[PDB]
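Trainee: below is the sequence, then the experimental coordinates.
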Amino acid sequence: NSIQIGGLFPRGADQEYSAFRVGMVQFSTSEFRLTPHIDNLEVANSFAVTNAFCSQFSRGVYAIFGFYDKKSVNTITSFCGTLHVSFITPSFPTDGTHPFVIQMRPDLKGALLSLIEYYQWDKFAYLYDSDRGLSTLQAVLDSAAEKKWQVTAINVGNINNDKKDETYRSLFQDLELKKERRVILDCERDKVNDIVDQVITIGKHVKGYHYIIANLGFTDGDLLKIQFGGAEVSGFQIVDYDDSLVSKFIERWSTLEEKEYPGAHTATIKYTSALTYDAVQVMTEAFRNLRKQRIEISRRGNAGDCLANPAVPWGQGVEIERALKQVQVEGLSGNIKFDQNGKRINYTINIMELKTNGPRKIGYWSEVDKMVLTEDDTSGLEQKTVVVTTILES
Amino acid sequence: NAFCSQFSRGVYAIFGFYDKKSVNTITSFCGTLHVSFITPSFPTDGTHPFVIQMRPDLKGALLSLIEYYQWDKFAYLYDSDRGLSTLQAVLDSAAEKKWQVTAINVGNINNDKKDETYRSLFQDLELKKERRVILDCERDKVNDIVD
Amino acid sequence: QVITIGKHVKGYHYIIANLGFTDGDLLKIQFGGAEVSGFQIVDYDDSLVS
Ligand SMILES: *[C@@H]1O[C@H](CO)[C@@H](O)[C@H](O)[C@H]1NC(C)=O
């Protein structure tokens, strides 16, 4: 049983591919083997993505795992919908209901808005990056109307990096007109470190400031720098290293040879990579539920040209979708479940705060229970008041 | 398909339209295949070669008009159809010129029950007693709002 | 260490008691805010040194 699948990995996704390989090994069975056809292309380039898709389609694949950018996302969602091809991706969730797309990344929009109310914020700065779509930006802006917030949104993305200093100085110059002390960083693991470094340089990392890293990888970045500064830093973590499941994964991951497995000799793992590993498990359980369900879907490498007109969708694809979307297993990113569209449901996102001793989970966020705080209260706080005795005498 | 079809037919230039979703496809192919693409649609957010845009950039004219009326606090109802290029414009300028902009995506409003949404829309535009609104929409979405 | 604990912001004043003020890296505590003074024996403004 040889199931051929496509793999679209953006140049530079070393740890992601390394995690993709480890998944192939951990979830390899005798019942059937997955044959990944890897294609390293510039994910941003829409044209290239189109070729890589039609190429993997002519090779006759049953499913495709890859990534997309804010620019190429429309290409994938469109083709996969027309050709009834299933596309599994750890990338940011699609802004809508696009069929034949499985998204490993849970929606953070909800967890973010809940955290803001927890700290009871009414006026804050929102530094965003247009890389993962303004889906979360619209979220905070729309909620700013209802909850009545004074949000200062600033696109920290289009900043040219070969002279990006007179821009940051002019950035926190506007964030001083209103004396902004509460900032939300909605950026990638990289753009965050750049900002964090600048923050320390200008000294805006001392007590009084409060930063919120708007990503699923709070511990993915270096925090040792703004850890002793004084400013409170909060964020979100999807990979709970306290789970015996994840703890066991790291035990083998941290030992792997960094030569064969690039950027894999660490005690931690980027949430993007962790989702890639969980993606393999989903594809395995999906193709397995098709064998046990007595469903024939097999074909050959003659699907033909994807530009074929009229384009006829192979009916066997409809079943492959109902398989992946029906999958429900336990992975590094907590309980994995899907709806009819492909968006993850019944998941859990741990809310993190950065203390002196390091990061610490102060609670979690459920799509049905909102935010729920867990034990951690430093009870008490010198509450030991003073007992004053007195007599009733006018 | 329509692009590759017209390309196989051996054309010298292509005139058409694109959406916020298909725009990347056109700009990419036309750049790779060195095919010229003339379009009246919204200008591309960047410098994409082999693309001729008939529509001038309104971003500039809008910002200038705001200062003319001397606006400091206004509501900005936008539609994600023509890209948030102008939205980013007013938001970025809101930092410099110090404006209190209330941006609201009036696009994702489902039209088969779009009434309890408008009532809840001007309910938020009443918390701050917004009297100055900017409608960044198509000729159609504008009439709906105006009505 | 000063930068780490954040004692390099406005309000602090350091004096480097050596003849090599520009000999060390100052780009780090340069934008901090705290005033830093010192001593220089090698004048790079002299045509001789230049
Ligand atoms: C929802 O998720 C929880 C936590 O993983 C799980 O225990 C439960 O079975 C799920 N609910 C259903 C009905 O699938």
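Mentor: That came in fine, so what should we check first? Residues are numbered from 1 along each chain as shown, chains lettered A, B, ... in the order given.
Trainee: residue A:39 in helix, strand or coil?
Mentor: Of the three states, residue A:39 takes strand under DSSP: H, G, I helix; E, B strand; the rest coil.
Trainee: how many residues are close by it?
Mentor: For residue A:39, the count of nearby residues is 19 (other CB atoms under 10 Å in any protein chain shown). (C-beta placed from N, C-alpha, C; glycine too.)
Trainee: burial check on residue A:252, number of neighbours?
Mentor: Residue A:252 has 11 nearby residues by other CB under 10 Å.
Trainee: state the three-state secondary structure for it.
Mentor: Residue A:252 is classified as helix under three-state DSSP.
Trainee: relative to residue A:285, how far out is it?
Mentor: Between residue A:252 and residue A:285 the computed distance is 21 Å (CB to CB, to the nearest Å).
Trainee: and for residue A:198?
Mentor: In terms of CB to CB, residue A:198 sits 44 Å off from residue A:285.
Trainee: before we move on, what about residue A:133?
Mentor: Distance from residue A:133 to residue A:285, by CB to CB: 29 Å.
Trainee: name the nearest residue to residue A:56, ignoring sequence neighbours.
Mentor: Leaving aside its chain neighbours, residue A:56 sits nearest to residue A:6 (3.4 Å; criterion: CB to CB, 6 or more residues apart in numbering or on different chains).
Trainee: and the helix or strand where the one you found lies, what does it pack against?
Mentor: In this assignment (DSSP states H and E), residue A:6 forms part of strand A:2-10. Secondary-structure packing of strand A:2-10 (3 or more CB pairs under 8 Å, 6 or more residues apart in numbering or on different chains; DSSP states H and E): helix A:14-26, strand A:33-41, helix A:46-58, strand A:63-66.
Trainee: can you tell me the SS state at the closest residue to chain B within the stretch 101-250 of chain A?
Mentor: Going by CB to the nearest CB, chain B is nearest to residue A:145 of the stretch 101-250 of chain A, at 3.9 Å. State at residue A:145, reduced to three classes by three-state DSSP: helix.
Trainee: leaving aside the residues next to it on the chain, what's closest to it?
Mentor: Nearest to residue A:145 is residue B:124, by CB to CB, 6+ apart, at 3.9 Å.
Trainee: return the most buried member of the helices and strands packed on strand A:2-10.
Mentor: strand A:63-66 (a mean of 26; mean count of other CB atoms under 10 Å in any protein chain shown).
Trainee: mind giving me the packing neighbours of the following helix or strand past that one?
Mentor: Moving toward the C-terminus from strand A:63-66, the next helix or strand (DSSP H and E) is helix A:73-82. Helix A:73-82 sits against helix A:46-58, strand A:86-89, strand A:101-103, helix B:23-32, with contacts defined as 3+ CB pairs under 8 Å, 6+ apart.
Trainee: so who does residue A:374 touch?
Mentor: A:361-364 (CB atoms under 8 Å, 6 or more residues apart in numbering or on different chains).
Trainee: and the furthest pair within those residues?
Mentor: A:362 and A:364 (9.1 Å; CB to CB).
Trainee: tell me which of these two has more neighbours.
Mentor: Higher neighbour count among residue A:362 and residue A:364: residue A:364, with 21 against 18, using other CB under 10 Å.
Trainee: and residue A:226, how many residues sit next to it?
Mentor: Number of residues near residue A:226 (other CB under 10 Å) recorded here: 23.
Trainee: isn't it right up against residue A:196?
Mentor: Yes: counting by CB atoms under 8 Å, residue A:226 does reach residue A:196; the two are 5.4 Å apart.
Trainee: list residues touching both of those two?
Mentor: Listed as contacting both residue A:226 and residue A:196 by CB under 8 Å, 6+ apart are residue A:205.
Trainee: between residue A:362 and residue A:364, what contacts are shared?
Mentor: A:351, A:374.
Trainee: tilt between the strand holding residue A:6 and helix A:14-26?
Mentor: For strand A:2-10 against helix A:14-26, the angle by axes from the mean of the first three to the mean of the last three CA atoms, to 10 degrees is 170 degrees.
Trainee: residues contacting strand A:2-10, please?
Mentor: Here strand A:2-10 makes contact (CB under 8 Å, 6+ apart) with A:16-17, A:20, A:32-44, A:49, A:52-53, A:56-57, A:59-67, A:283, A:287, A:301.
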